[PDB]
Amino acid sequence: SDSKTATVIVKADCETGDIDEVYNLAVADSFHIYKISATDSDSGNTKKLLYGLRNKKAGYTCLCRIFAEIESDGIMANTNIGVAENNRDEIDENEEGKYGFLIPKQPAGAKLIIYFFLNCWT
């Protein structure tokens, strides 16, 4: 039967990893997105930011694909993002997908914007 898709745009802080905003396209109670972990490399030149998305839709199985980009007021810093953890499989109800990003150290104030492309069905 029923099939649904949603796009959720998450703004997170590049220094603490904290989530600043969860912005739903067309869904707020259907998913829970949370910081799992934010660790510096011992060099301090990179940052590892790890997030989880939990399917909270009773009845539904979900797929999740992602895109992420650094949002910054400067233009001189490296903004490549390395993908680490990435759950490409089905995500049952109350199961989580984990999405990890390796980012270069950013200037103060820089943000990580993560786009979750959700495809769910019963």
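From 1 onward, residues are counted along the sequence shown.
Novice: Gap size between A58 and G59, counting deposited residues with no coordinates: none, 1 to 3, 4 to 9, or 10 or more?
Specialist: Nothing is missing.
Novice: Should the higher mean CA B-factor in the entry be assigned to 29-37 or to 62-70?
Specialist: The recorded data point to 29-37.
Novice: Per the record, averaged over C-alpha atoms, which has the higher B-factor: 89-97 or 38-46?
Specialist: Looking at the recorded C-alpha B-factors, 38-46 comes out higher on average.
Novice: Among the candidates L102, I114, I19, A108, give the one with the maximum CA B-factor reported in the record.
Specialist: Comparing C-alpha B-factors across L102, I114, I19, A108, the maximum falls on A108.
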